[PDB]
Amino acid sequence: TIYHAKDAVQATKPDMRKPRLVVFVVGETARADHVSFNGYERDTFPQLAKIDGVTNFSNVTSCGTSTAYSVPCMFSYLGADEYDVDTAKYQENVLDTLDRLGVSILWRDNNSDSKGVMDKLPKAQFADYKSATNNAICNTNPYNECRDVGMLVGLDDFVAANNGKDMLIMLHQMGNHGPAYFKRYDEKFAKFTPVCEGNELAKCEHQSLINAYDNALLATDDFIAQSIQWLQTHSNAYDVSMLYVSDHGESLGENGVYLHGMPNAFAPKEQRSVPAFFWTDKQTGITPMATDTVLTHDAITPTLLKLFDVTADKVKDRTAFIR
């Protein structure tokens, strides 16, 4: 292991102040420009719109254009300019640090896996929610695909087992993963019709492709809202907050490009312009940065440290999503 934050210290501890409980939704394939709050023509986040204390960040650029590249970068100490995907798994990352400091780290995954981020931590702290052995919400559609909201079931059990400790829960979404956007949401979210249902996306009618994509965002709006509602059930005992950031965007036919994964050197803007949301309860004292702050995935690690009152010199200078 190559360390970067052996100096990290937690300035206040959960025996001397309210324990802190944070959900970090690690999003998938969502584009900033399809978010209502960023000026999109459709109301793709109706439920998040009803919740007080949500900040939408309108200028966030991902570290890369794929899950394998972006996800380790989101938790890295090195920042986009120095990040090396090929050695990321041997670097101390922000979850390693928080775990060393006693913060209970949980990682539930309805996407693939943590792309190496959790590899140094006990395997019991990672749970596969793509399978009904863990996920109780899979038989709600014709494909029997486990839904992101199932990652919230049994979270009370985890909180009860970590009573009084600081907790950081990562929920790795299936989200808007393509090509089969139409599979990504239950029928209650099929608001925009007709929808593309083919694997050759260039052969779908463009509007029908957009419709499937936007319906998948409605299901993610629901999942994020439900995550906040779950946190709210613990707000008297815990200082609760929710961070959402997508791993990358998506091309939807611009210049004949589909899906993602374009190398950064020529990646179109749509693959790197991602949404970010931050919610916190009024008791926590956490203050969001300005909604239009120029931000990147580099802001994630200092945000997670600040949420737990941790300082590490490697990122002391670094802009976060919060003050």
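The numbering used is simple: start at 1 and walk along the sequence shown.
Peer 1: Can you tell me which stretch has the higher mean Cα B-factor, 266 to 274 or 25 to 33?
Peer 2: If you average the C-alpha B-factors of 25 to 33 and of 266 to 274, the larger mean comes out for 266 to 274.
Peer 1: For the stretches 199 to 207 and 233 to 241, which has the higher mean C-alpha B-factor as given in the deposited record?
Peer 2: The recorded data point to 199 to 207.
Peer 1: Determine which member of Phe75, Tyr213, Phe158, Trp107 has the highest CA B-factor, using the values in the deposited entry.
Peer 2: Max CA B-factor in the entry, restricted to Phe75, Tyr213, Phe158, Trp107: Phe158.
Peer 1: By the entry's C-alpha temperature factors, tell me which of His172, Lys191, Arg184, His248 sits highest.
Peer 2: When the deposited C-alpha B-factors of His172, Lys191, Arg184, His248 are compared, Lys191 is largest.
Peer 1: Lowest, middle or highest third of the chain for the C-alpha temperature factor of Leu259?
Peer 2: Middle third of the chain for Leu259's C-alpha B-factor.
Peer 1: Tell me, lowest, middle or highest third: where does the Cα B factor of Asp86 rank within its chain?
Peer 2: Highest third - that is where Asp86 ends up once the chain's C-alpha B-factors are sorted.
Peer 1: Is the Cα B-factor recorded for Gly164 in the lowest, middle or highest third of its chain?
Peer 2: It belongs to the highest third of the chain when residues are ordered by C-alpha B-factor.
Peer 1: How does the C-alpha B factor of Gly154 compare with the rest of the chain: lowest, middle or highest third?
Peer 2: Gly154: CA B-factor falls in the highest third of its chain.
Peer 1: Ranking every modelled residue in this chain by its Cα temperature factor as given in the entry, which third contains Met16?
Peer 2: Its C-alpha B-factor, which the entry lists for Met16, ranks in the highest third among residues of this chain.
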